[PDB]
Amino acid sequence: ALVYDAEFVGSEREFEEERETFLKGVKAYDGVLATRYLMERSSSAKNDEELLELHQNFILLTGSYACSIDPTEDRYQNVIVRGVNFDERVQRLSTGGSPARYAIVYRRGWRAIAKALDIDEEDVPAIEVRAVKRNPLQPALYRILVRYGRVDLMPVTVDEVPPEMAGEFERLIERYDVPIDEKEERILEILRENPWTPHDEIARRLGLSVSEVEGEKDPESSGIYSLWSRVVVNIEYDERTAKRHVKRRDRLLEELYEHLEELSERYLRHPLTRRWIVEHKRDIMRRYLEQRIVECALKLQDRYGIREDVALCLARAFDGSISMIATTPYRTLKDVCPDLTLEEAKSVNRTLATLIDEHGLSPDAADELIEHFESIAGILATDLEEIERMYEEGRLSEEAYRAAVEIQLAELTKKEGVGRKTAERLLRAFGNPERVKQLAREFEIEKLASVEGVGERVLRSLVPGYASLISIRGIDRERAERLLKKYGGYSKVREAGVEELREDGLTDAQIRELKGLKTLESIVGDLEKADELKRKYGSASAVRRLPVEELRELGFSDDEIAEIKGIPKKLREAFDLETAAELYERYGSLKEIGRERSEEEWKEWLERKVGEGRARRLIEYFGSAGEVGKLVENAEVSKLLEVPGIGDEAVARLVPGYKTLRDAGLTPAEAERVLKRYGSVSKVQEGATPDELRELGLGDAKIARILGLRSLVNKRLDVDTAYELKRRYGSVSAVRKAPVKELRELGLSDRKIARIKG
């Protein structure tokens with residue numbers, strides 16, 4: 001068994017009220033477990049909808065009591081979870097906080113707290129707060145509230161859950177204006193689609209690990225946990241709302257149990273009473289555990305390719321929890337499952353994998369970092385001088401200590417302009433790289449520049465939008481910081497009103513360059529107007545290609561409108577401005593504007609057959625489209641082919657039957673004589689004779705194809721006899737069925753009769 005422990009150092013009074021709080025939590029979480037038990041089998045739409053709400057209500061109250069654990073954040077010490085000291089982990093965080101509540105947010109973290117409070121009134125006095133799918137709140141936010149003991153923020157009734165803490169979580173994020181890095185934006189993208197997307201799924205879709213997605217439960221980190229921490233610490237604590245919540249929840253917990261009892265009869269023989277849950281607690285927990293072990297073991301095989309026996313071993317030893325395994329040191333994993341290979345361990349523990357493969361650490365040195373900092377994010381969240389203090393006190397080996405420092409430095413030196421000495425100076429002045437990165441995002445340019453080594457290039461790579469503004473001539477460092485802070489980033493500086501920027505001290509040339517209004521100010525002399533059009537429409541091409549009515553409507557004179565559209569003056573007073581523009585932006589220029597069946601009918605007929613391009617080639621070559629149409633009707637193939645760009649393909653599309661004759665091996669001239677003489681390939685097959693085709697200069701081979709005789713010529717019959725055989729009888733098929741003696745009367749030999757018949 002792994003080590004869970006904690007000692008209570010509060011007074012006797014504080015011991016009593018703390019056990020009171022924890023036991024209420026256990027009782028609330030029993031409701032989560034009991035309702036979960038019922039939800040395993042569906043009933044009816046209205047029944048399990050009522051059951052779901054009850055479930056969520058238990059989740060809220062469990063969360064609320066969890067928030068109340070360790071209010072003064074000093075009633076516990078030496079909080080140990082699975083051999084790991086949580087006191088040291090929470091103290092390293094910039095916001096600190098209760099190590100007890102910190103433990104609760106972890107799976108089975110309640111075990112350390114239950115031991116400290118001597119909870120023995122119930123078999124498995126669990127309090128969990130990691131519900132995802134059925135959580136009435138945004139799951140990450142829910143855990144962060146518990147972490148920060150926000151009794152004031154945690155709702156005590158599903159009906160009183162603010163949308164901004166659930167589906168509309170975006171409203172809460174935008175309300176307090178916190179810095180958000182690129183990775184966090186990628187995560188929020190997924191969560192906007194589905195706020196209740198599991199973190200393993202988010203990681204899978206972003207090509208990240210769970211740890212990268214989650215981050216530390218502190219503002220100075222990166223991930224969804226860090227983002228929510230960044231928001232929540234900005235929300236002032238409401239003591240009155242907290243006390244109202246505390247005043248109401250005990251009574252609410254009883255109502256939920258009364259509701260549970262009545263609703264349970266709708267699902268079972270006997271009601272689910274408080275007494276029933278307590279007595280069957282151990283069996284309910286075991287049932288949950290065994291089915292989690294199965295699912296976990298399968299996942300270890302499917303996703304991580306771990307052997308079955310090893311997977312089953314790991315799953316049981318760690319409560320069927322992948323996230324518990326993924327944060328467990330290699331040695332601890334190998335102690336409970338000796339058959340585990342390092343590659344298998346590196347497969348599930350991405351932190352271990354990265355520390356070894358991407359940072360050349362030994363497994364033992366990596367295990368030090370995992371036990372002390374949990375992940376890379378933990379190292380980045382930790383102040384440099386704190387890591388150095390840990391080394392001096394002999395609580396970190398040399399290999400582990402130096403690797404920590406290198407990881408902390410590399411986070412900054414990967415930026416252009418930042419060397420080791422400058423990176424180190426930034427860490428000593430601002431603690432950790434995450435703080436340094438957040439200062440840049442808050443545009444604290446002067447603050448960062450107070451450090452030696454931090455000049456223009458460093459500021460260009462660290463501070464978002466700084467390089468963009470400082471590139472504009474006449475804008476120095478001081479003004480860049482003012483503009484960035486005032487409007488909240490480069491893009492919003494660029495969106496600011498013209499008059500605003502002028503009174504900020506910017507020149508019209510600077511504003512023009514900022515908004516890219518150059519080509520639009522050339523079109524119209526005003527800058528505000530040019531910006532309004534850039535805003536209202538899209539580009540210079542959009543304003544230019546606008547209808548003339550709307551341009552006059554915008555306040556443009558007809559002189560300007562023609563100038564904008566580029567309409568020359570012999571076109572302006574020749575027509576009205578409406579038609580003058582219509583004709584100009586239809587053709588290239590002025591001189592290109594200088595451009596049984598009728599002419600237009602023949603034109604559109606040609607454009608349908610050979611295309612508009614090839615048709616114009618024909619119209620230009622000859623007199624008109626009516627002349628081309630006259631050649632087509634007379635099967636003048638050769639003369640049509642005299643046109644450059646017009647080959648067999650186009651001619652075949654123009655004159656019917658030509659392709660057929662070309663396929664049969666006839667030259668264009670030969671096909672022309674046939675089409676002229678007979679009119680159509682159909683009438684050729686129906687009426688033309690071999691003697692007539694030989695007159696047109698055709699050889700016996702082509703004639704066979706033309707008359708469709710090759711199905712008889714192949715039987716070593718000549719064209720003449722095949723033609724006569726195909727004529728007297730219906731078709732080629734009918735000849736084969738003809739009487740033998742009837743063939744003999746026609747003069748056919750026994751060998752030819754044999755070839756025909758078989």
# chains A, B, ... in the order shown; residues from 1 in each chain; ligands from 1
>>> residues_around(residues="range 365-368 of chain A", least_positions_apart="2", cutoff="12 Å", atoms="only C-alpha atoms", output="JSON, numbers by chain")
{"A": [84, 327, 328, 329, 330, 331, 332, 333, 334, 345, 346, 349, 350, 351, 352, 353, 354, 355, 356, 357, 358, 359, 360, 361, 362, 363, 370, 371, 372, 373, 374, 375, 376, 379, 390, 391, 395, 396, 397, 398, 399, 400, 401, 402, 403, 404]}
>>> write_last_selection(atoms="N, CA and C atoms", output="short mmCIF file (atom, residue, chain, number, x, y, z; two decimals), in the first residue's frame")
data_model
loop_
_atom_site.label_atom_id
_atom_site.label_comp_id
_atom_site.auth_asym_id
_atom_site.auth_seq_id
_atom_site.Cartn_x
_atom_site.Cartn_y
_atom_site.Cartn_z
N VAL A 84 4.15 11.27 -1.57
CA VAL A 84 4.53 12.62 -1.96
C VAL A 84 4.08 13.66 -0.94
N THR A 327 1.55 10.14 -13.24
CA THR A 327 2.30 11.08 -12.41
C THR A 327 3.13 10.34 -11.37
N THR A 328 3.20 9.02 -11.52
CA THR A 328 3.93 8.17 -10.58
C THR A 328 5.34 7.86 -11.09
N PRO A 329 6.36 8.08 -10.24
CA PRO A 329 7.76 7.82 -10.58
C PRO A 329 8.01 6.38 -11.03
N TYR A 330 9.03 6.18 -11.86
CA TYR A 330 9.33 4.87 -12.42
C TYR A 330 9.61 3.82 -11.35
N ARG A 331 10.33 4.22 -10.31
CA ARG A 331 10.71 3.29 -9.25
C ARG A 331 9.47 2.80 -8.51
N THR A 332 8.56 3.72 -8.22
CA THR A 332 7.31 3.38 -7.53
C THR A 332 6.47 2.43 -8.38
N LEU A 333 6.46 2.66 -9.69
CA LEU A 333 5.74 1.81 -10.63
C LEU A 333 6.39 0.42 -10.71
N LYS A 334 7.71 0.39 -10.69
CA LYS A 334 8.45 -0.86 -10.82
C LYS A 334 8.43 -1.67 -9.52
N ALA A 345 6.77 2.12 -19.09
CA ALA A 345 6.59 3.19 -18.11
C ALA A 345 6.66 4.56 -18.77
N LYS A 346 7.58 4.71 -19.72
CA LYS A 346 7.73 5.97 -20.44
C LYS A 346 6.55 6.20 -21.38
N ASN A 349 3.82 7.45 -18.60
CA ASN A 349 4.31 8.65 -17.93
C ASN A 349 5.07 9.55 -18.89
N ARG A 350 4.36 10.51 -19.46
CA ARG A 350 4.93 11.43 -20.44
C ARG A 350 5.97 12.36 -19.84
N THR A 351 5.84 12.66 -18.56
CA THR A 351 6.83 13.49 -17.87
C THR A 351 8.16 12.75 -17.81
N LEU A 352 8.12 11.49 -17.40
CA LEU A 352 9.31 10.65 -17.33
C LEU A 352 9.95 10.52 -18.71
N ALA A 353 9.10 10.28 -19.72
CA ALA A 353 9.56 10.13 -21.10
C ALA A 353 10.31 11.36 -21.58
N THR A 354 9.74 12.54 -21.32
CA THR A 354 10.33 13.79 -21.78
C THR A 354 11.64 14.09 -21.04
N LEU A 355 11.65 13.83 -19.74
CA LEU A 355 12.83 14.07 -18.92
C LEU A 355 14.02 13.23 -19.36
N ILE A 356 13.74 12.02 -19.83
CA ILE A 356 14.81 11.10 -20.22
C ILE A 356 15.20 11.25 -21.69
N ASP A 357 14.22 11.23 -22.58
CA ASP A 357 14.48 11.30 -24.01
C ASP A 357 14.87 12.71 -24.48
N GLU A 358 14.21 13.73 -23.93
CA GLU A 358 14.41 15.09 -24.40
C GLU A 358 15.33 15.93 -23.51
N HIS A 359 15.79 15.35 -22.40
CA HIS A 359 16.67 16.09 -21.49
C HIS A 359 17.81 15.23 -20.95
N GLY A 360 17.97 14.04 -21.51
CA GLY A 360 19.08 13.16 -21.17
C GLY A 360 19.26 12.84 -19.69
N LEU A 361 18.16 12.77 -18.96
CA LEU A 361 18.22 12.45 -17.53
C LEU A 361 18.19 10.95 -17.28
N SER A 362 18.77 10.55 -16.15
CA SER A 362 18.66 9.17 -15.68
C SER A 362 17.30 8.98 -15.02
N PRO A 363 16.78 7.75 -15.03
CA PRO A 363 15.49 7.46 -14.40
C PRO A 363 15.41 7.89 -12.93
N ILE A 370 10.05 14.39 -10.57
CA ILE A 370 8.64 14.01 -10.56
C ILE A 370 8.07 14.06 -9.14
N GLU A 371 8.84 13.61 -8.16
CA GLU A 371 8.36 13.61 -6.78
C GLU A 371 8.28 15.02 -6.20
N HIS A 372 9.20 15.89 -6.63
CA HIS A 372 9.28 17.23 -6.07
C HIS A 372 8.48 18.28 -6.84
N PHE A 373 8.36 18.11 -8.16
CA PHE A 373 7.73 19.12 -9.00
C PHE A 373 6.60 18.57 -9.86
N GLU A 374 6.41 17.25 -9.81
CA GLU A 374 5.35 16.54 -10.54
C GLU A 374 5.53 16.54 -12.06
N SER A 375 5.83 17.70 -12.64
CA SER A 375 5.95 17.80 -14.09
C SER A 375 6.87 18.94 -14.50
N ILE A 376 7.08 19.09 -15.81
CA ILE A 376 7.85 20.20 -16.34
C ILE A 376 7.20 21.52 -15.95
N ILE A 379 8.18 22.56 -12.59
CA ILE A 379 9.51 23.13 -12.57
C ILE A 379 9.47 24.58 -13.05
N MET A 390 16.77 24.29 -2.46
CA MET A 390 16.53 22.86 -2.28
C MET A 390 17.80 22.04 -2.49
N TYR A 391 18.68 22.55 -3.35
CA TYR A 391 19.94 21.87 -3.64
C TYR A 391 20.94 22.07 -2.52
N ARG A 395 18.31 18.49 -0.63
CA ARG A 395 17.04 17.85 -0.92
C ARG A 395 16.90 17.61 -2.43
N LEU A 396 18.00 17.79 -3.15
CA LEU A 396 18.05 17.54 -4.58
C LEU A 396 19.46 17.14 -5.01
N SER A 397 19.57 16.04 -5.76
CA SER A 397 20.86 15.60 -6.28
C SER A 397 21.38 16.60 -7.30
N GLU A 398 22.66 16.49 -7.63
CA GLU A 398 23.29 17.44 -8.54
C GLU A 398 22.75 17.33 -9.97
N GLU A 399 22.56 16.10 -10.44
CA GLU A 399 22.05 15.88 -11.78
C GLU A 399 20.63 16.42 -11.92
N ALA A 400 19.82 16.21 -10.89
CA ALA A 400 18.44 16.68 -10.89
C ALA A 400 18.39 18.20 -10.80
N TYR A 401 19.27 18.76 -9.97
CA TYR A 401 19.33 20.20 -9.77
C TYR A 401 19.72 20.95 -11.04
N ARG A 402 20.77 20.47 -11.71
CA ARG A 402 21.26 21.12 -12.92
C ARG A 402 20.25 21.01 -14.06
N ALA A 403 19.58 19.86 -14.15
CA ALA A 403 18.57 19.65 -15.18
C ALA A 403 17.39 20.60 -14.99
N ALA A 404 17.01 20.82 -13.74
CA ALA A 404 15.95 21.77 -13.41
C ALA A 404 16.31 23.17 -13.90
#
>>> residues_around(residues="residue 728 in chain A", least_positions_apart="6", cutoff="12 Å", atoms="only C-alpha atoms", output="ChimeraX atom specification")
/A:721-722,734-735,738,742-743,746
>>> atom_distance(atom1="CA of residue 227 in chain A", atom2="CA of residue 141 in chain A")
9.3 Å
>>> closest_residue(among="A:686, A:128, A:122, A:70", to="residue 100 in chain A", atoms="only C-alpha atoms")
A:70
>>> residues_around(residues="residue 286 in chain A", least_positions_apart="3", cutoff="12 Å", atoms="only C-alpha atoms", output="ChimeraX atom specification")
/A:33,123-124,280-283,289-293,316,319-320
>>> write_last_selection(atoms="C-alpha atoms", output="CSV table (one decimal), in the first residue's frame")
chain,number,residue,atom,x,y,z
A,33,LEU,CA,-22.1,7.4,-5.4
A,123,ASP,CA,-16.1,2.3,5.9
A,124,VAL,CA,-14.6,4.3,3.0
A,280,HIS,CA,-23.4,-1.4,1.8
A,281,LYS,CA,-20.7,1.3,1.4
A,282,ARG,CA,-17.7,-1.1,1.2
A,283,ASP,CA,-19.5,-3.2,-1.4
A,289,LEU,CA,-13.2,-0.2,-8.2
A,290,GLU,CA,-13.4,-3.6,-10.0
A,291,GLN,CA,-15.1,-2.1,-13.1
A,292,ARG,CA,-12.6,0.8,-13.2
A,293,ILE,CA,-9.7,-1.7,-13.0
A,316,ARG,CA,-5.4,-2.6,-9.5
A,319,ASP,CA,-7.3,2.5,-8.2
A,320,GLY,CA,-7.9,2.1,-11.9
>>> residues_around(residues="residue 206 in chain A", least_positions_apart="3", cutoff="12 Å", atoms="only C-alpha atoms", output="list in words")
residues 182, 183, 184, 185, 186, 187, 188, 189, 190, 191, 199, 200, 201, 202, 203, 209, 210, 212 and 213 of chain A
>>> select_by_dssp(residues="range 336-476 of chain A", states="helix (DSSP H, G or I)", output="PyMOL selection string")
chain A and resi 336+342-348+350-357+363-373+376-381+384-392+398-413+420-430+433-441+445-449+456-462+466-470
>>> residues_around(residues="residue 30 in chain A", least_positions_apart="2", cutoff="9 Å", atoms="only C-alpha atoms", output="number ranges by chain")
A: 25-28, 32-35, 58, 125-127, 274, 277-278, 281
>>> closest_atom_pairs(of="range 557-668 of chain A", to="range 705-720 of chain A", cutoff="12 Å", atoms="only C-alpha atoms", output="tab-separated table")
residue	atom	partner	partner_atom	distance
A:657	CA	A:706	CA	11.1
A:658	CA	A:706	CA	11.7
A:659	CA	A:706	CA	11.9
A:660	CA	A:706	CA	8.5
A:661	CA	A:706	CA	7.1
A:662	CA	A:706	CA	10.1
A:663	CA	A:705	CA	9.1
A:664	CA	A:705	CA	5.8
A:665	CA	A:705	CA	8.5
A:666	CA	A:706	CA	9.2
>>> closest_residue(among="A:297, A:303, A:727, A:216", to="residue 317 in chain A", atoms="only C-alpha atoms")
A:297
>>> closest_residue(among="A:46, A:414, A:673, A:133", to="residue 266 in chain A", atoms="only C-alpha atoms")
A:46
